[PDB]
Amino acid sequence: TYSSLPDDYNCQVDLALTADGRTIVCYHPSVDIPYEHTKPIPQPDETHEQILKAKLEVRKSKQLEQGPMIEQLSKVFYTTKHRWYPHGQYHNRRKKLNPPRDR
Amino acid sequence: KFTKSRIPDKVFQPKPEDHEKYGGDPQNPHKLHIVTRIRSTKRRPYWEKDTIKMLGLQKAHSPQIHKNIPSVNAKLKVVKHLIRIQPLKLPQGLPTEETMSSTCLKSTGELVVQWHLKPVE
Amino acid sequence: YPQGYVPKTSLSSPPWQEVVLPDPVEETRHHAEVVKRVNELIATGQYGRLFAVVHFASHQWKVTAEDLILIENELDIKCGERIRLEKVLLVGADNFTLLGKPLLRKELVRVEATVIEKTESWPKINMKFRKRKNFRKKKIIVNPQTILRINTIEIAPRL
Amino acid sequence: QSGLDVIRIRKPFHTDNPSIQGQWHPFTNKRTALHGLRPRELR
Amino acid sequence: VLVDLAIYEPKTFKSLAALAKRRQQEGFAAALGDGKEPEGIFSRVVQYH
Amino acid sequence: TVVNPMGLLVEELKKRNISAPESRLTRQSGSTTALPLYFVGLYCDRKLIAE
Amino acid sequence: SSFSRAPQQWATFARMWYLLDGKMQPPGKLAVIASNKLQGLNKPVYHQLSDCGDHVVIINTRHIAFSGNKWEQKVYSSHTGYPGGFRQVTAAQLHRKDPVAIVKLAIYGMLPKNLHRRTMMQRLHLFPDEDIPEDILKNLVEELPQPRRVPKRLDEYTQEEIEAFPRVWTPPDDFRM
RNA sequence: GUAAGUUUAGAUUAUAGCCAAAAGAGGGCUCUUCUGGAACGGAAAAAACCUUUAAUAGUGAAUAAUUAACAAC
Ligand SMILES: [Mg+2]
Ligand SMILES: [Mg+2]
């Protein structure tokens, strides 16, 4: 219990100095979540599409217009309406076809 | 009119407590100064600009070795406020021809003649 | 009630809580035991990928085997020639890490790299702002570059 | 040189194994709760 | 480099946090110690020459 | 490319004479939203094998 | 570690739901905490271009507290845009009309003055009292410590605690009291 | 302590300053004398105050100045 940080969340910390005093050794094994700290999976009722569809239920006038649709989308994702509007063709043609990819 | 200033001599007469505070003996005075520029001569009068170039302190935070003799001290008093004066100290003695290439000036003001870059052990 | 006793109040005690450090004697025994355990892990080879923090050129690089580093200057090494990185500040594994003060000993860590490419940077435009700026008062800076592939990070039981 | 195009390089360092101990996610450094009870949950 | 360890080596970064807090506590004790107390285990400086 | 990874896992643990894993909900965030995060840990003999 | 590409990315940039209790709390201290989580400044992966903010739920905003005489001295000003449309309201008056307004306005000023501030305010959920919609409760991940430790009232103090504190002075027998 | 100076040969441009701080004289201006300044940092925006020896490439580091300050027997 020499560590100054609790060992119960991320990892156990053991700090030690080598006898010479020129190295600092840290032993940090990970902590596993105890079984008693977990919940059973809710087996009774799933693809993320199904969850999306229920949130964006088509109720009024069959397909909604841009205005009503955008307000429905904004509430579901906690965004503003402005994000969902399109852009003109100057901006669309500026977008790179093949952006660089890192790993 | 802004003009060159003459400091009263009492400023440079130390007190017994000063020797204890700075740890310098009034006898056996140190021989060489370590002087670094720590302020800019911009916005300072031209006479202060001149001495800084005479003393070699054009670059800031780069130490210059100077003689602890009255004539040099007179110039240093002109720019006292723009510099830090530190006594050069020789724990292991003056560098010789053999050790001239192995010296190092420490921040403490000590010129060591053997610099190894190894743990003291 | 002892002398200089103040009843508990809002300002009687400092906001912070004083902590009691373990006595040095017991800690040193535990310190040696901790070091011994880690040394066995190194000795028995109970580790996977290693990552090291290395001081090369003027910069520090978090490094792991198969990694690529770009150095913004010429190095004087032929392409394909293997090198040892000698200033390691940290070597780490899944379960342990070793910290230098400030540098780890050569006995512990050996980091090897290879020169893969010697190149130049793309043209960088250096144009200052001045009266009558003009379009031709322009400088192009191209700097030699070196690319190093980290090959191995190895540790030995010499704690 | 290699034939790779001489253009701006975004990062001076490339690695396919950036992490050994696990990449940080918001639950790392969060302690679990008995029975996995979320705050204000009665049980 | 400290950012790279925080994002990609969380277990190592926790060790650094414990080491930093460990040294910080020693400094608090040292100031109250007045110099009579011996120096902390992690507060020792490896000299070079 | 392996489909039904749970079925494979079950077979492997049987070969090791290990008990069938029990799935449980370790960490949970924003379940009722459209962007939920779930951590599920497979527990064998009340011991965590994978999350 | 050892996750597939997409699940790892999803976990790292997932957004968390935090709970703040505002009872007997200064709005500014609540604002500092909330403004930190809303921006995502609590994450090592924070970037201004990453939209890594979190959801903050603040309850009991009706029961916030001000130091000093800020209830009567702090004034909120608005203009409708028409001649004579300038309004100045004290903190108490604004609190009476809307219990939630004071907390929202303190947080609004603390967020960066850019377009993303409007998006961040969508993730802020302010409830005047302890009651929360069931769905918001289920999202919650963690509660945050109250920034201000609330002093105890006399009645709250236990009988044992009272005895622990010394009786500094003694009233004389011949006193009305 | 330091590296400039004098002389010979040739040559234009310039010959309306601005602001800050000192000392005067006319009486806030208006003059004369002496010092400093012309950020890419700071003082909110900020020619003139303060920090700043030139010019560079780097996903390094130590720093400078740094608009804030804590009612009565
Ligand atoms: Mg010009
Ligand atoms: Mg400031």
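Per the deposited record, the coordinates in this entry were obtained by cryo-EM to a resolution of 2.85 Å.

A.B. asks: I'd like to hear about the overall build of chain F, residue by residue, with values.
C.D. replies: A tally of helices and strands in chain F yields 1 helix and 3 strands. Listed by position from the N terminus, the elements making up chain F come as α-β-β-β. The C-alpha radius of gyration computed for chain F amounts to 13 Å, which surpasses the reference 10 Å derived for 51 residues by more than 25%, pointing to a less compact arrangement than a globule. Its C-alpha atoms give chain F principal-axis dimensions of about 40 × 30 × 10 Å. For chain F, long-range pairs separated by at least 24 residues make up 17% of all intrachain contacts whose partners lie at least 6 apart in sequence. Of the charged side chains in chain F, 7 are positive and 5 negative; the average position of the first set lies 2 Å away from that of the second.

A.B. asks: Got a sec to walk through the nonpolar core? Specific residues and values, please.
C.D. replies: Soluble globular proteins tend to pack their nonpolar side chains together in the buried interior. Among the nonpolar cores identified, the biggest contains 33 residues, and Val109(C), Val111(C) and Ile153(C) are the most heavily contacted of them. Considering every element that reaches this core, the biggest residue donor is helix α1 (residues 24-44) of chain C, with 5 residues.

A.B. asks: I'd like a rundown of the interface of chain C and chain A, residues and numbers included.
C.D. replies: Facing 23 residues of chain C, the contacting portion of chain A comprises 17 residues. Summing both partners gives a buried area of about 1,700 Å² for chain C against chain A, and 63% of it is carried by carbon and sulfur. Among the residues chain C hides against chain A, the three largest losses belong to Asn95(C), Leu99(C) and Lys101(C). Together they make up 27% of the total. Across the contact surface, chain C and chain A share 0 salt bridges. The interface formed by chain C and chain A includes 7 residue pairs in polar contact. Mapped onto the side of chain C that touches chain A, the elements with two or more residues apiece are α1 and β6 (96-100) of chain C. Here the side of chain C that touches chain A gets 9 residues from one element, more than from any other, and that element is α1(C). A breakdown of the residues in the side of chain C that touches chain A according to their chemical character gives 12 nonpolar, 5 polar and 6 charged. Strand direction decides the pairing type here: strand β2 (residues 23-27) of chain A and β6(C), joined by 5 bridges, are antiparallel. Directly across from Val25(A), in β6(C), lies its bridge partner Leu98(C).

A.B. asks: Please give an account of the interface of chain A and chain F that cites residues and values.
C.D. replies: Frequently, the measure chosen for interface size is the accessible area that the parts lose on association. Residue-level contacts link 17 residues of chain A with 16 residues of chain F. Interface of chain A and chain F: buried area, both sides summed, is about 1,500 Å²; carbon and sulfur atoms make up 59% of it. When the buried surface of chain A facing chain F is broken down by residue, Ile33(A), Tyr35(A) and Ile41(A) rank first, second and third, together holding 44% of it. The tally of links between chain A and chain F comes to 0 salt bridges. The interface formed by chain A and chain F holds 8 residue pairs in polar contact in total. When residues of the side of chain A that touches chain F are traced back to their parent elements, those giving at least two are β3 (39-40), α1 (48-55) and α2 (66-77) of chain A. Broken down by element, the residue count for the side of chain A that touches chain F peaks at 4 residues, all from α1(A). Taken together, the residues of the side of chain A that touches chain F break down into 10 nonpolar, 3 polar and 4 charged. Here β3(A) runs beside strand β1 (residues 22-29) of chain F; their pairing, made up of 2 bridges, is antiparallel. Bridging from a neighbouring strand, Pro40(A) pairs with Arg24(F) of β1(F).

A.B. asks: Explain the sheet that holds strand β3 (residues 47-50) of chain F to me, and be specific about the residues and the numbers.
C.D. replies: Taken in spatial order, the 4 strands of this open sheet run β3(A)-β1(F)-β2(F)-β3(F), and their pairing is antiparallel. Every interior strand has two partners, whereas the edge strands, β3 of chain A together with β3 of chain F, have only one.

A.B. asks: Describe the environment of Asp76(C), naming the residues involved and giving the relevant values.
C.D. replies: Along the chain, the position of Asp76(C) falls in the loop between β3 (68-71) and β4 (82-85). Between the C-alpha atom of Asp76(C) and that of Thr146(C), which follows or precedes it by 70 residues, the distance is 9.7 Å.

A.B. asks: Let's hear about the protein's contact with RNA strand H: which residues, and what values?
C.D. replies: Around RNA strand H, a shell composed of 31 residues is seen, among which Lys1(B), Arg43(B), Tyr46(B), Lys67(B) and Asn143(C) lie nearest. Those atoms of RNA strand H that come within 4 Å of the protein belong to sugar or phosphate at a rate of 71%. With respect to RNA strand H, the side chain of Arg37(B) contributes an N or O atom lying 3.2 Å from a phosphate oxygen. Taking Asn126(C), its side chain carries an N or O atom lying 2.9 Å from a phosphate oxygen of RNA strand H. Secondary-structure elements contributing two or more residues to the surface near RNA strand H are α2 (46-54), β2 (64-67) and α3 (70-78) of chain B together with β8 (124-126) of chain C. Residue classes in the surface near RNA strand H are distributed as 10 nonpolar, 6 polar and 15 charged.

A.B. asks: Requested: an account of the packing of helix α2 (residues 27-39) of chain G against helix α5 (residues 101-110) of chain G, with residues and values cited.
C.D. replies: All names here are of chain G. At a minimum axis distance of 8 Å, the contact between α2 and α5 shows a crossing angle of 55°. As summarised for this structure, α2 and α5 are arranged oblique, according to the angle between their axes. Classified by chirality, the crossing of α5 by α2 is right-handed. Of the residues in α5, those touching α2 at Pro27, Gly28, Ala31, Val32, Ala34, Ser35, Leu38 and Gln39 are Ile102, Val103, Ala106, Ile107 and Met110.

A.B. asks: Quick rundown of the pattern of salt bridges? Include the residues and the values.
C.D. replies: Enumeration according to the criterion identifies 27 salt bridges over all chains in this entry. Among the salt bridges present, the one from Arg22(A) reaches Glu121(B), with a minimum N-O distance of 2.8 Å. Of this pair, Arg22(A) sits in the loop between β1 (14-17) and β2 while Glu121(B) sits in the segment after β5 (111-112), placing the two residues on different chains. Taken together, the salt bridges that share partners define one network made up of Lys39(A), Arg38(D) and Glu41(D).

A.B. asks: So what about the state of the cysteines? Which residues, and what values?
C.D. replies: When the sulfur atoms of two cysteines share a covalent bond, that bond is a disulfide. Residue and element names in this part refer to chain A. Summed over the entire model, instances satisfying the criterion amount to 0 disulfides over all chains. In this structure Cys11 is not part of a disulfide, and its nearest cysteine sulfur, from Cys26, lies 9.8 Å away. Residue classification places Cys11 among the buried positions, given a relative accessible area of 0%.

A.B. asks: Give me the lowdown on the sheet that holds strand β1 (residues 17-21) of chain G, citing residues and values where you can.
C.D. replies: Think of a sheet as strands paired side by side through backbone hydrogen bonds, with each pair either parallel or antiparallel. All names here are of chain G. Judged by pairing direction, the sheet is parallel, and its 4 strands sit side by side in the order β5-β2-β1-β6 without closing on themselves. The open sheet has two edge strands with one neighbour each: β5 (124-127) and β6 (142-143). In the sheet, β1 pairs with strand β2 (residues 55-59) via 5 bridges, with the strands oriented parallel. By the bridge assignment, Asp21 is partnered in β2 with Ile59. In this fold α2 packs onto β1, β2 and β5, with an angle of close to 175° to the strand it touches most, β1.

A.B. asks: I'd like a rundown of the arrangement of the chains, residues and numbers included.
C.D. replies: Sorting the 15 pairs of chains in contact by contact count puts chains A and C at the top. Structurally, chain B and chain C remain out of contact, their C-alpha atoms never closer than 10 Å. The least C-alpha distance between chain E and chain F, which are not in contact, is 17 Å.

A.B. asks: Give a detailed account of unusual backbone geometry, specifying residues and quantitative values.
C.D. replies: Here the amide bond leading from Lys101(C) into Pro102(C) is cis, since omega sits at 0°, within 30 degrees of zero. Tracing the sequence through the fold places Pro102(C) in the loop between β6 and β7 (109-120). Phi at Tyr78(A) takes a positive value of approximately 55°, unusual for a residue other than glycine. By secondary structure assignment, the location of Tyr78(A) is in the loop between α2 and α3 (89-94).

Rules and cut-offs
Residues numbered from 1 in each chain as written, not as in the entry; some residues may be left out. Chains lettered and ligands numbered in written order. Part of a larger assembly, values for the part shown. Heavy atoms only, no water. Helix = DSSP H or I, 4+ residues; strand = E, 2+ residues; numbered from the N terminus. Rg over C-alpha atoms; globule rule 2.2 N^0.38 Å. Contact = heavy atoms within 4.5 Å. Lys, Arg positive; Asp, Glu negative; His and termini not counted. Charge placed at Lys NZ, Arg CZ, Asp CG, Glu CD. Core = buried A, V, L, I, M, F, W, Y, C linked by side-chain atoms within 4.5 Å. Buried < 20%, exposed > 50% of the residue type's maximum accessible area, 1.4 Å probe, protein only. Buried area = accessible area lost by both parts, 1.4 Å probe. Salt bridge = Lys/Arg side-chain N within 4 Å of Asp/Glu carboxyl O. Polar contact = N/O pair within 3.5 Å; in protein donor to acceptor, adjacent residues only side chain to side chain. Nonpolar A, V, L, I, M, F, W, Y, C, P; charged D, E, K, R; others polar. Pairing = 2+ DSSP bridges. Near = heavy atom within 4 Å. Axes fitted to C-alpha atoms, helices over the stretch in contact; angles between N-to-C directions. Parallel < 35°, antiparallel > 145°, perpendicular 65-115°, else oblique. Left-handed = near helix turned anticlockwise from the far one by under 90°. Disulfide = S-S within 2.5 Å.

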